[PDB]
Structure formats: C-alpha cells, structure tokens
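Notes to accompany the following structure.
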Number of protein chains: 2
Amino acid sequence: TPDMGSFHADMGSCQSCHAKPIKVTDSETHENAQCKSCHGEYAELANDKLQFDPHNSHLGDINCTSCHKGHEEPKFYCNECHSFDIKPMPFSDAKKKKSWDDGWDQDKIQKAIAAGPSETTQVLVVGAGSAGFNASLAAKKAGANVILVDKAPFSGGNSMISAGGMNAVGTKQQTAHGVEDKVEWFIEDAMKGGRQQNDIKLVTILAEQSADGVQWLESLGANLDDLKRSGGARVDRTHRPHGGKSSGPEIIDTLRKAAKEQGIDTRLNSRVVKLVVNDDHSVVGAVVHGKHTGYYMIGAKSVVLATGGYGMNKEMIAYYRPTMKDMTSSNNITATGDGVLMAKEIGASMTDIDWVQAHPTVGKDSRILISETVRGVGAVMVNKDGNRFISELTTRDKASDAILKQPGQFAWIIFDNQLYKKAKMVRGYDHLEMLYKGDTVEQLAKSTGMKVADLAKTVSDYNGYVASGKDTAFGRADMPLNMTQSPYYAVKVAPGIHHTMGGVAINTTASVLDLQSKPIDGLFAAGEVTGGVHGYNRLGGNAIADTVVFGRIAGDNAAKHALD
Amino acid sequence: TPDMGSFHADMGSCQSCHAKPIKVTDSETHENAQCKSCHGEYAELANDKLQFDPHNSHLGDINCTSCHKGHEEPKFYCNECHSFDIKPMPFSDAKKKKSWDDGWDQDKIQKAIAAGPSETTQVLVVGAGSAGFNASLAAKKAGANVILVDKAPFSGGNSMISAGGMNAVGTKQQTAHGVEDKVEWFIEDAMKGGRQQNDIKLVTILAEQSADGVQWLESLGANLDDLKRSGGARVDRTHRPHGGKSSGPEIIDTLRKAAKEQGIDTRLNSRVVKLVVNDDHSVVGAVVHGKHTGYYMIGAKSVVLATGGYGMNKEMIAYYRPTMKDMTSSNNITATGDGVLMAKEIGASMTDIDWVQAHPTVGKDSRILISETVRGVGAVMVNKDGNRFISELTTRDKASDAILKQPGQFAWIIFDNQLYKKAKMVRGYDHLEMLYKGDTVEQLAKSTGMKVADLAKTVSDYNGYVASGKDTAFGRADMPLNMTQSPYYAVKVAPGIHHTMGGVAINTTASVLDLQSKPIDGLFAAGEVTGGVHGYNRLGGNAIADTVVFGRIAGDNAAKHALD
Ligand SMILES: Cc1cc2nc3c(=O)[nH]c(=O)nc-3n(C[C@H](O)[C@H](O)[C@H](O)COP(=O)(O)OP(=O)(O)OC[C@H]3O[C@@H](n4cnc5c(N)ncnc54)[C@H](O)[C@@H]3O)c2cc1C
Ligand SMILES: Cc1cc2nc3c(=O)[nH]c(=O)nc-3n(C[C@H](O)[C@H](O)[C@H](O)COP(=O)(O)OP(=O)(O)OC[C@H]3O[C@@H](n4cnc5c(N)ncnc54)[C@H](O)[C@@H]3O)c2cc1C
Ligand code: HEM
Ligand code: HEM
Ligand code: HEM
Ligand code: HEM
Ligand code: HEM
Ligand code: HEM
Ligand code: HEM
Ligand code: HEM
C-alpha cells in the first residue's frame, strides 16, 4: 500500500512525525514542524530553476501537509486556482480519500451542543483572512483571550490573493506624492460607486479610520508605500507594497507573523458549523468541526464572524443571482458563505444580501482575472468557433452577458506580438502558462479548437476595420493595433463571480443585527461576510480597507463585550 | 357515479352549460353565465336566515364554479381561510382531482415560446388585485389595449381581504374632520416606520399622489369617507368606507366594476409562468398556463407584474427568513411570490428582498388577525398545555418569538363572559366560529386539548394576580378581568406572515430594474410584488396606497411605452 508515512516509518518510526501516543492536532502543528526539522524551511528548499516552485510562492509559509499527505494521495494546492501542468508529486500512488470537510453532520452537532463547551475562550474569531486576523489582534490588545479558527489548510482566504492594495485618506504616502484628499471625497467616491445604496454610517467610519488602518498595518511591519489610483476614485489613494509583493500577500504575511508573535494560535482545518444560542437569544459559543478532533463546542462570551464572502457557494449564487449560476469565480475555494448561513439560521438580518459582483473575463482554465486593459490595448475577443460577438470596449456588464450568450459560455481574448511586447501582464499570463500560441492564425485556430475558416474571416475583417478605422461588424470604437506580427495568442476566459457585497447586517460597532435590526448579544462580524459597506458595488481597494477598519472594530468591541 | 355535469346533462344536455363543440374557456365564462340564467344571480340566491351565506359574502360577484364544480369534488372556497363547520355541499361524492395548477412544465413552456405568440396585446397586466386593476384602468385610459390575467378562481388577491384602509395626505376627508397633515409628515412617518431604509423617492411619490388616488377610487364609486389614525401615523390619515363594506371589498368591488365598464375583462384561472425576453434583453410577452387551454404565449410590448407578495411561498420564506418558517400567514393562497421568481430568473434586481413582516397572533384555524386589543382588554395567553409563558402585554416581536418557542408553535387566547360581554370584536370571532367554549374551565380544557390541572392552576393563579394587581409569574402590569364567569372561551393563534416588503426593484416610473439597476425594456411592476416603498417595515394603510399610486403609474408608463 506504500504511504508517505510508511516510507518514513520504514526508515525510522511513527514518532519521527507523530507524538508518542499518536494524536494529530487539527492544525497538524507537530507533524509539520517535523518536516521542517529534517528538510529545512522553504528557503532551504526553494529552487529557482523551477518554473513555478511549490516551495517559494505567494501563498507564503504554510503547512507542508497542505500538499504532501501523511497517508493519502497528495494535493498540488496551486491547481486549486492555477492550471500548472505538473508531473506527479512524490507518493502520488497513495490511497485517495474524500476531503475531511464533508458538510454539516447535524446529529454530531447536536451531540456537541448537549455535551456543553469542551473548552472556553473570551473571543472566538471565525476565519483567518485579513478581517479575522485584524479582529484577533485588536481583541488581544484589549486584554481578551482569543481563539482564531479557519477551516482551510492554511490562512488568508481571498485576502491573500488580492492585488490593488488598500484605500486610505490622510496618509503619509499621499503627502509625499503631493496628493490632496479629504475624508468627504472618500465617502462621496464610495457612495457613488455603490449607487448610493451603501450605509453612509459604515462608509464614514471606513473613510475616517483608513489612514490609521494603514499605519496599523505599518506598525506590524508591512510596506504600503506604492500610492496609486483606482477605478472610481477622484484622487490617488490605494496603497501597495513598494516593489515586492502584491498587497494581498504582503498584508497576509504580516498579519500571520503578527499573530504568531502575540501568541494567538490559529487553529487550521477547523470549520465552525453552528452558532450556539441560549434561551435568551445570546450567542454563547460555536460548534467546530475539527479535521482530526471531530465535533466539539467552544463556549465564548463573544463570537466574531470573519468568514469572507459567498462567491463559491453555488446554491447561494443560484438562489440570489440565477443569471450568474454558470459563471466561474476568481475566488479562493473557502468563500462558500458559511457565516451568512450560520447567522441567517439563528435569526440575524442581512443587508443587500443578493448583491454579487462578477468580472467579465476570468480565466476559464485557470481562475485568474484577465485584466480589461488587455482588451483596451488592442486585444480582440472571439467565440469558440473564432467569431466576434461585440465590441471589446463594451461594459463589464455587457461583456459577461455577451460571453454567457456564446457557445460553451466562454470566449477567447486574442492578440498578436505587437500586443505581446506592448503589454507585460499578457506575458505574466504567458509565464503562468495561460496562452494558446500559434505561429499562424490557422495554427492558433487548431490549438484553440476554433474554426479556421471563421477565425481567418475575423482577422482579415479586423485588419480591414483597423485599416479603415471603422468597425462595421460590431462597432469597436477604436483599434490601436492589428493582427499581423506572427506568434498569435489565445486565452480562455469567462465571466466570473468576484465579491459578494451583501452579507450579515451590522451596526457601526460591528455587532451583527437581528430581525428588529438590534445587536445580537455576543455576535460580531467584519469583512466580506458583512453587508452594507459597499452598497451595490465594491470599488478597488475598498474591500481590504473594510477588512482592516471593521476587523479591528469588531475584535475590539468583541473583547470589550467579553471584559466589561 | 355522477357529478354535477351529469346530473344536469341527464335533465337537459351537455349544452345546458357548455357551448356546442365543448370548448371551455379558462375563465369558464359561458358555463357561469348559464348557472346564473337558470338559477338566478347572488341577490336572488341570497338567504338572510343563514349563518354564513355562501351566496352573499365579502368575495363579491365571483364565478359559481369558484366552488360548485362540473366534474369534481366541490370546493367550499370559504374554508381556504375560514373554518366554518358545514354539511357536505351538493355533489360531494364527485371525484377528487388535483388542482389544475400543478407548478410549471418547462417542456410545455418551451414549446409555447418556440411557437411564438398565439395572440398579441399592447399591455399585459399580470395579477388582478388592487395594483393590477389600477394598472389596467390607467393603461386603458392612456389608450393602450390591455389583457388582464389572474391565476386564481376570482380576482382580488390579498387586496380584497384588506381591513384598515388607505393612507393619504391632503384629502377632503381630512379637511372635513379638522385634521391638519403635511406631505413631509407622511414622508417622515413612512421613513421612520421603515427604519429609514425606504427608497425616499418612492415614498415621496407615494405621499404626493395619495389624495389623487383616493379621489381616483371615489370617481369610480368607492366610498372612503371614514377617517382614522393608524399605527406609526402622527395624525389621522387612513380612509375607510363610511359604513357598509370593509375597505378591501369596497376597493376591489369598485375596481372590478370599473374594469368591466371600460371593457377590460379579467382572464381567470390563467397563471403566468415565464416572462419571454427577445435577444436584445427586451421583455416581449409571457407564457400563460390556462386551466383549460394549457400553455400559450401572449406577445406584448409591455408586461406589468402586479402579482402581490410571497408570504405563502414556504420555500421563499424558509430561504429568506428561516426563523419565520413555522408561522402561519393571514394571506390569500394566491401570494406565492411568482412575480418575484419570474423577474429574478431573467435578471431583474430586487430591493430589500428578504424583509418579511409578520403579525403575532393570527388564527391557526381561521387565518384572520386576532387583534392585540383582545389581550389589551383582559385576555390571557396560554400554551397548548394551558400555561402562561409571557406577559400578554409584551411587545409584538416578543409575543411572536415566545409563541414560536412553545410546544406546537401556537398559543391559546383565553377569556371568560366578562370579556365576551364587553368586546363585540370577540363576539365577531364567535360568529366566525373561531372560539372554543366550555361551561366550566375543565370543559374548555377538554375541548382544546389543554391539561385540566395546568389550566385550572393557571386560572386560580391568574385570578389571584388580578385580586392583588401583581403578576408574579410574568409582570403583566394591568390585569382588568379574571376568569370566573361562565362560559369560558379560547381562540387558537400563532404569529403569521402578513406582508413581504421586499420584492422586484423599481424606479419612480415603475420600470423593473436589471442588475445595473437600469430599466428592463418592456417590464413594469406595482404593489407588494415590488420592494422599496416600505423599507424594512410596512405601516398600516400604506400598502393599499402603494397599489393605487404605483399601480396607476405602472399602467400609465406601460401604455406610453407600448404606444409612443
Ligand atoms: C482575485 C481577487 C482579487 C481581489 N483584489 C482586491 C483588491 O485589489 N482590493 C480590494 O479591496 N479587494 C479585493 N478583492 C476582494 C477582497 O480581497 C475580499 O473581499 C477580502 O479580502 C475578503 O476578506 P475577509 O477577511 O473578509 O475574508 P477572506 O480573506 O476570504 O477570508 C475568510 C476566511 O474564513 C475562513 N472560513 C470560512 N468559513 C469558515 C468556517 N465555517 N469556519 C472557520 N473558518 C472559516 C476561510 O477559510 C478564509 O480563510 C479581491 C478578491 C479576489 C478574489
Ligand atoms: C388580511 C390582510 C389585511 C390587510 N390590510 C391592509 C390594509 O388595511 N391597509 C394596507 O395598507 N395594507 C393591508 N394589507 C396589505 C395589502 O392588503 C396588500 O399588500 C396589497 O393589497 C397587495 O396588493 P397587490 O395588488 O400587490 O397584490 P394582491 O392583492 O395580492 O393581488 C395579486 C393578484 O395577482 C394574482 N397572481 C399572482 N401570481 C400570478 C401569476 N403567476 N399569474 C397570474 N396572476 C397571478 C394573484 O392570484 C392575485 O389575485 C393587508 C394584508 C392582509 C393579508
Ligand atoms: C509531513 C512531513 C514530511 C513531508 C511532507 C516530507 C516530504 C518528503 C518527500 C516528498 C520525500 C520524497 C521526495 C523525493 O521524491 O525525492 C521525502 C523523503 C525523505 N524524507 Fe521526508 N518529509 C517529511 C518529514 C520527514 C522527517 C521527519 C524526516 C526525518 C526524520 C524526513 C526525512 C526524509 C528523507 C531522509 C527522505 C529521503 C531524502 C533524500 O535522501 O533525498 N522527512 N520527504
Ligand atoms: C516546508 C515545507 C515542505 C517541505 C519540507 C516539503 C518537502 C518536499 C521535498 C523534500 C520534496 C522533494 C525534494 C527532495 O528530494 O529533497 C518535495 C517536492 C515537492 N513538493 Fe514539497 N514540501 C513542502 C511544502 C510543499 C508545498 C507547500 C507544496 C505546494 C504548495 C509542495 C509541493 C511539492 C511538489 C509539487 C513537489 C515535487 C516538485 C518537483 O517536481 O520538484 N510542497 N517537497
Ligand atoms: C506506522 C506509522 C504511522 C502510523 C500508525 C500513523 C498513524 C496516523 C493516524 C492514526 C493519523 C490520523 C487520523 C485522523 O486523525 O483522522 C495520522 C495522520 C497523519 N500522519 Fe501518520 N502515522 C504514521 C507515520 C507517519 C509518518 C512517518 C508521517 C510523515 C512522513 C506521517 C504523517 C501524517 C500526516 C501528514 C498526517 C495527517 C495526514 C494525511 O493527510 O495523510 N505519519 N497518522
Ligand atoms: C504554491 C502554490 C502556488 C504557486 C507556486 C503559484 C504561482 C503563482 C505565480 C508565479 C504567480 C504570478 C506572480 C504573482 O502575481 O505572484 C501567481 C499569481 C496568482 N495566483 Fe498563484 N500560485 C500558487 C497558488 C495559488 C492559489 C492557492 C491561489 C488562490 C487561492 C492562487 C491565485 C493566484 C492569483 C489570483 C494570482 C494573480 C494573477 C494576476 O493577478 O495576474 N495561486 N501564482
Ligand atoms: C355529459 C355531459 C358533459 C360532458 C361530456 C362535459 C365535458 C367537460 C369537459 C371535457 C370539460 C373540460 C376539462 C378540462 O379542461 O380538463 C368540462 C369542464 C367543465 N364542465 Fe362539463 N361536460 C358535461 C356537462 C356539463 C354540465 C351540464 C355542466 C354544469 C352543470 C358542466 C360544467 C363544467 C364545468 C364548471 C367545467 C370546468 C371544470 C369543472 O368545474 O369540473 N359540464 N366539462
Ligand atoms: C355550472 C353551472 C351551474 C351550477 C353551479 C348549478 C348549481 C346547481 C346545484 C348545486 C344544484 C343542486 C341543488 C341542491 O342540491 O339543492 C342544481 C340543481 C339544478 N339545476 Fe343547476 N347549476 C348550474 C347550471 C344550471 C343550468 C344551466 C340549469 C338549467 C338548464 C340548471 C338547472 C337546475 C335544476 C333544474 C336543478 C334541479 C332543481 C330542482 O328541480 O329542485 N342548472 N344546480
Ligand atoms: C351565482 C352563483 C352560484 C349559484 C347559481 C349557486 C347555486 C346553488 C344552488 C342552486 C344551491 C342549492 C340550494 C339553493 O338552491 O340555494 C347551492 C348551494 C350551495 N352553494 Fe352555491 N351557487 C353559486 C355560487 C356559490 C359559491 C361561489 C359558493 C361558495 C362560496 C357556493 C356554495 C354553496 C354551498 C356551500 C351550498 C350549500 C348551502 C345549502 O346548504 O343550501 N355557491 N348553490
Ligand atoms: C363565500 C366565502 C366566505 C364567506 C361566507 C366568508 C364569511 C366571512 C364573514 C361573515 C366575515 C365577517 C364580516 C366581515 O368582516 O366582512 C368575514 C371576514 C373575513 N374573511 Fe371571509 N368569508 C369567505 C371567504 C373568505 C376568504 C376566501 C378569505 C381569504 C382570502 C377570507 C378572509 C377573511 C378575512 C381576512 C376577514 C376579516 C376578519 C376580521 O377582521 O374579523 N374570507 N368572512
């Protein structure tokens, strides 16, 4: 049966990874520290010859057992989102098991509740993305004992794969760049982008506290020195790492290290599956499904929901937004709405609950945002048989409908070498192995599985139209580059679910509200699981900002509630 | 063996009720004209020496075959809402058949769209309660041809069982009674009653056009001369018929007669099951499932949803508001959220979709509101065993939530002959056969299934609480009557779903909006189907006013868009 555990046991024992009596904690702490002990850290293992490099990624320092298993078929976690063509990992002949996280067993839940709290905290934070890390750290600082839980193999959720930094007003970076900005303009900018549906109270707090938010992250050792402009802002105010990381990885690396530094132990592989209410409507705890320990209840005086959005819950999205039910997503697979479901079930109200944001051109074969600027700098779009079907400079909204009305509900973004050399993010997508390349159009058509006739018709027309400056087919406003210079490229795209603006109802101090719109006793929330900060439309930079400002507000108010 | 049809054919022939070739229309028009020919209209069938009067009810002038059936078990339609105790109707051994309206047949819907329109109109109005009749009459006044369809046996929906009139500001009834009122007061009162969530623009139009709507109904013959104050209103603004009918029956009686005078006939037993959109995102008609004719498509330049709320759709309620899933409802059985489901399915957005208003003590058998003034004037509330479980003067949301925590999720409201003799409202319940009664407290307990010992203990404890003026079980502050004078009475109650404030998003011209919150071409809506007028809580009198004001705006913009 050969196992990775048996490969090592044969040369040693079980204790070489396990404690004496074997007892794998849910985080698999002990077993991972072992691997580090004999194989070194990631830096030790980093290659650089390797194209992708499992040991040196934007994921940061996670558990080795995220991919390598003790006793079952290995996982190459990267291809949860990427589509890296990889050869079998070591020990990939081990047995296959279904995931441990199989749903909600309601009788084992009932059992856990009736047994009573098997352990007790002050503040339990559910979810270790940026909101959950901000919440646990704010709580800690106010004196409270904290338990931080996440159901995933590592930390970071959607936060860790974010791109366009954090919005703030009234910072150092802005002064340095000359930029004038006022709190009011930040509010106005967010109220406007959200179609005026956003809770002005919440937007006011976001705007206010955002400067101090950046400074806070800075205090823990993050650089947010790149200052820039994003869609919907009248003035430069999105901060980003000076010259290293994407923001998502910078911010998550810093909060993890901070959390470790204050002795907040995250528990990984631990899914809160029920909020526990006593006979007077107070949340008094939660049931956790632990990967190894199974079902237990944690009593807590305060519970903070920090679980992220619901973009990957197919049943939620079909019920809220049936016209999006055949979209992909850009999300981490963690974003299955658990927190909205648990709050809803005990009688919380929601705000804007069905408001979902999608992106028109998400990689079909690898879930990565294909920037709209690719279309903007010349790229052509085309359906599965190689035919155009709308201006490329249409609206996000129109592009998705357009795409979802095509064969296979996908399209190809398509361009030549002039675009390739003019746009580095297209060579990014190429580095990620996302492009179909073809040295003739006809070669391109056969790789992509388009129809040569049709694709040939299109480019001739497109060149025709770029020559004339007159898109007579689909009206493309402007065409800055044509399709002639050889190597021709293709990327498979389709509209994807991106952030769910709706969620749990919250007041300004991050209590979750009940059906009378009153604070539920013991229950707090922060980040994407919450509604009302973004109205009907989140802007670039506002969601990470929300996770920091209301993350900290929720953990502080949680600890106050558990202290007195 | 027989049925009514064969009993009559034996005396006459098939043609006694049916045309020659048997071709029964959806509305059963011809057959019901024949009932009245031979048997007389309701004024002639009416008795006066008769407890209920199936032939002279607040339902007003409806088809005989609402109840009497040709070829199946008769329906005493009264008992969809009431629970009168009656001997089997004539022909009661005819064959039991399932409702004709068996859900949606996707394959037959597909066929009717593939086939294209069977008939065409300018304005299709789906739903003939107040909002759809008003939309129909305004579309006909504006000069459009109109089809009005309703899936039920008779028209009127919830609107016809409405109780507590129509809010308006600036009427001649206010000037006759010395009542000063201002549009801004109406506006603020609504905004406050909605927890400040109402679309302020819809509220302003509601306020501004409310007197004109009362006047409009009065031009058609309605009486709304009585002026009273309703909950949340700061002055008296609620208009009801002087004496005579309740406001629901008055209003729907008046709109039925005016739609028949202008030549708009309602098509009955015609359920709209899909809105048909072309390829430019335009609504162009709708598939109708007619009881006799089956599935067919009506093409139309404008379609007005006036289908009412979703309080009797159990799946929608359990999804949006699971802690309300075990409530009853006071609604007519027509209120199944169809208009919202069909709208959602083609990409309409929603407003406050999940916001559901309930009433604390709706009858569990006869689904009528037991007024809180029953408890105000003395009655006691006891669970299925016969134990009190909360003060009868708590707030409404506390009373619903404590009833839902009792065994069986219902309670009994209990009182003796002193209350009965002092409150003509409970004598009305008695005439509706809603009261259980016992010569002694033990007989009452045996009739209702309470425990004899628990009820008798409750009655001596509570009588001792009235002799000391102090209720040591529950704190009721005011105990005006004990239970010592026989007969003793009870009514069975449970909180009920009553109104769904959320629904289809709308603009000020009553276009339904898409996911960019722009008007869908061809599609309009009015009444409870729509979300936004009431924010998080409807005030008494405002929803009837909403069906008039926006029903007339929807029908006028529908017609304008069809002609043009
Ligand atoms: C590709 C991408 C790029 C983005 N870029 C930006 C950007 O540039 N700017 C911006 O402002 N926003 C952006 N966003 C949106 C923003 O990143 C997300 O809204 C935000 O980071 C989510 O923060 P969070 O803390 O609420 O949740 P998340 O980071 O999603 O994390 C929640 C965590 O809760 C855990 N959890 C969930 N359910 C349970 C349970 N039952 N028990 C225990 N733990 C649980 C999860 O496993 C996860 O780790 C982007 C989103 C994506 C997908
Ligand atoms: C008992 C009670 C008393 C009330 N009293 C008051 C009051 O006094 N004042 C007040 O302001 N509010 C009151 N309300 C609320 C107000 O009565 C209702 O919100 C308002 O009447 C709803 O009107 P409507 O025209 O939107 O819908 P409705 O009157 O419900 O009518 C909708 C019509 O659409 C038909 N329909 C539904 N689906 C379809 C389909 N697929 N195809 C064809 N037809 C379809 C239905 O069969 C129906 O007849 C009361 C509610 C209740 C239950
Ligand atoms: C979960 C914990 C661990 C994981 C995931 C892990 C991972 C691996 C993998 C993937 C291989 C084979 C790779 C290949 O095909 O070359 C391997 C081999 C090996 N492991 Fe581990 N390891 C773990 C713990 C340990 C420990 C605790 C020890 C020592 C006590 C150890 C010592 C070795 C050695 C000596 C080999 C063969 C290495 C060589 O000579 O190249 N490992 N391990
Ligand atoms: C500190 C953590 C980890 C340790 C110690 C570890 C250990 C190892 C070792 C020892 C090998 C073989 C190299 C050798 O012969 O020494 C290996 C290969 C591999 N590991 Fe890891 N692993 C870790 C984490 C991860 C993670 C987080 C991932 C994915 C996200 C991953 C994916 C892989 C893959 C795909 C291979 C085979 C790659 C190749 O072809 O070179 N491992 N690992
Ligand atoms: C005969 C020797 C061993 C025995 C009997 C053993 C037994 C176990 C048991 C009983 C569990 C947990 C089941 C649960 O909680 O659901 C486990 C998990 C685990 N063990 Fe072992 N173990 C042995 C050796 C090893 C070795 C040598 C390694 C590392 C190379 C290892 C790595 C792991 C890992 C990573 C886990 C979580 C596992 C997975 O994903 O497959 N074990 N082991
Ligand atoms: C060890 C595993 C992984 C490796 C080696 C890897 C590799 C890479 C590389 C080389 C890039 C381009 C440079 C960058 O922007 O950092 C990238 C980008 C990205 N990866 Fe990963 N990835 C891994 C796992 C994941 C996972 C698990 C997710 C999601 C949960 C993910 C989502 C993304 C996203 C969204 C981007 C940005 C695309 C863009 O904006 O251009 N990756 N990854
Ligand atoms: C032997 C004589 C008769 C025959 C063969 C006959 C046939 C039918 C048929 C074929 C339908 C259509 C059902 C559908 O769409 O599935 C129908 C409906 C109906 N018929 Fe008759 N009919 C007869 C006599 C009568 C008479 C005399 C009456 C009235 C007293 C009557 C009243 C009705 C009504 C009210 C309906 C609608 C459905 C119902 O209420 O059962 N029919 N009939
Ligand atoms: C669907 C349409 C009709 C309905 C609902 C209806 C109703 C009824 C009912 C309920 C009865 C039995 C009454 C009892 O049990 O006391 C009855 C009997 C009778 N009906 Fe109809 N009827 C309809 C159409 C007609 C028409 C068109 C005629 C004449 C052509 C007619 C003539 C009679 C007669 C003569 C009797 C026997 C009454 C007697 O001799 O005492 N009905 N009808
Ligand atoms: C104009 C319309 C209707 C006609 C012609 C009609 C006809 C009749 C007739 C002929 C009878 C037998 C006794 C009598 O002759 O009065 C009867 C009894 C009855 N009808 Fe109707 N009916 C009509 C509408 C309705 C409706 C809409 C309902 C239910 C709300 C209904 C329910 C009853 C009941 C319960 C009885 C038995 C009452 C008794 O014991 O006499 N009918 N009807
Ligand atoms: C022929 C059929 C029916 C008869 C004979 C009947 C009888 C009555 C009577 C006698 C009243 C009291 C006087 C009044 O308020 O008008 C009443 C009220 C009422 N009925 Fe009906 N009913 C019928 C059908 C229905 C239906 C089908 C519904 C629901 C869709 C309904 C719902 C109500 C409501 C909500 C009230 C007001 C109760 C109150 O506030 O006291 N009834 N009905």
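Please treat every number below as a calculation from the coordinates, not as lab data. FYI the Cβ positions are ideal-geometry reconstructions off the backbone, even for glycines, and counts take in every protein chain you see.
The table for this structure:
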| quantity | calculated |
| --- | --- |
| Under-5 Å amide H pairs with residue B:506, H placed in peptide plane, nonlocal only | B:513, B:531 |
| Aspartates and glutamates with Cα under 20 Å of residue A:260, excluding same-chain neighbours fewer than 8 positions away | A:26, A:28, A:31, A:41, A:61, A:150, A:218, A:250, A:556 |
| Positive minus negative residues near residue A:448 (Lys, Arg vs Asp, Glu; Cβ under 12 Å) | +2 |
| Euclidean distance of C-alpha centroids, segment B:360-410 and segment B:220-291, integer Å | 32 Å |
| Kirkwood Rh and Cα Rg combined as Rg/Rh, segment B:358-434 | 0.93 |
| Of the trypsin sites (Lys or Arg not before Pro) in segment A:1-56, those whose Cβ has at most 13 other Cβ within 10 Å and which sit in DSSP loop | A:23, A:49 |
| Cβ-defined net charge surrounding residue A:362, 12 Å radius [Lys, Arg +1; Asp, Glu -1] | +2 |
| Label geometry 7 Å along the beta-carbon vector: residue A:93 inter-copy distances in nm | 7.9 |
| Cross-link table B:23/B:69; B:23/B:98; A:421/A:446; B:49/B:446, entries beyond 27 Å C-alpha to C-alpha | B:49/B:446 |
| Using distinct alpha-carbon pairs, which all enter the 1/r mean, Kirkwood radius of segment B:280-357 in Å | 14.4 Å |
| Using alpha-carbon coordinates, inclination of helix A:106-115 to the longest axis of chain A, degrees | 30 degrees |
| Approximate spin-label separation residue A:111-residue B:293, in nm, with each point projected 7 Å along Cα-to-Cβ | 6.0 nm |
| Cα→Cβ-extended label distance, 7 Å offset, between residue B:85 and residue A:447, nm | 8.4 nm |
| Dipole of segment A:1-99, positive end: most advanced residue of A:89, A:62, A:17 [Cβ charges, Cα centre] | A:17 |
| Where Rh is the Kirkwood radius over Cα pairs, Rg/Rh for segment A:1-99 | 0.95 |
| For residue A:412, distant residues with modelled amide H under 5 Å away | A:382, A:383 |
| Environment charge at residue A:242 (Cβ cut-off 9 Å; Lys +1, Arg +1, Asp -1, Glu -1) | -1 |
| Values of log10 I(q)/I(0), in the order q = 0.16, 0.23, 0.25 Å⁻¹, for segment A:127-172 under a Debye, Cα-only, solvent-free model | -0.57, -0.87, -0.92 |
| Volume in Å³ per residue [convex hull over Cα atoms, computed for segment B:93-237] | 212 Å³ |
| Loop-resident sites, segment B:140-223, for GluC sites (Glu not before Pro), counting at most 15 other Cβ within 10 Å (DSSP) | B:180 |
| In order through segment A:428-437: 3J(HN,Hα) via Karplus (6.51 cos²θ - 1.76 cosθ + 1.60), integer Hz, x for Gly, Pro | x, 4, 5, 3, 6, 6, 9, 9, 5, 10 |
| Percent of Cα pairs exceeding the 51 Å cut-off, where the set is the protein assembly as shown | 34 percent |
| Binned Cα-Cα distance frequencies in segment A:359-496 - 10 Å width, integer % | 13, 49, 36, 2 |
| Average Cα contact separation per residue, chain A, under 8 Å, 6 or more apart, as relative contact order % | 20 percent |
| Chain B, Rg to Rh (Cα coordinates; Rh as Kirkwood inverse mean 1/r) | 0.99 |
| Nearby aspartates and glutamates by direct alpha-carbon distance to residue A:560 (threshold 19 angstrom, same-chain neighbours under 8 apart not counted) | A:521 |
| Segment A:2-17 - phi-based ³J(HN,Hα) in whole Hz, Karplus 6.51/-1.76/1.60, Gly and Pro as x | x, 10, 4, x, 6, 4, 6, 6, 2, 7, x, 4, 7, 6, 3, 10 |
| Efficiency of FRET between residue B:184 and residue B:437 - r from beta-carbon atoms, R0 56 angstrom, step 0.05 | 0.65 |
| Position residue A:37, label points 7 Å along Cα→Cβ, spacing to each other copy in nm (shortest first, one decimal) | 9.8 |
| Cα centroid separation, segment A:461-524 to segment B:61-137 (Å) | 44 Å |
| Semi-axis lengths (Å, descending) of the ellipsoid that matches the C-alpha gyration tensor of segment B:138-216 | 28, 17, 15 |
| Cβ-Cβ FRET estimate between residue B:14 and residue B:424, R0 fixed at 51 Å, reported to 0.05 | 0.55 |
| Greater than 18 Å apart at Cα, pairs in A:97/A:291; A:20/A:96; A:325/B:108 | A:20/A:96; A:325/B:108 |
| Proximal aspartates and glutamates relative to residue A:364, as straight alpha-carbon distance under 20 Å, when same-chain residues fewer than 8 apart are discounted | A:80, A:85, A:326, A:372, A:385, A:392, A:397, A:401, A:430, A:433 |
| Residue A:47/residue A:456 FRET efficiency (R0 30 Å; Cβ-Cβ; nearest 0.05) | 0.10 |
| Extension reserve of the residue B:141-residue B:474 stretch, reckoned as 0.36 nm per residue once the Cα distance is removed | 114.0 nm |
| Sparse-neighbour loop sites [trypsin sites (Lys or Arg not before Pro); segment A:223-261; at most 13 other C-beta within 10 Å; DSSP] | A:234 |
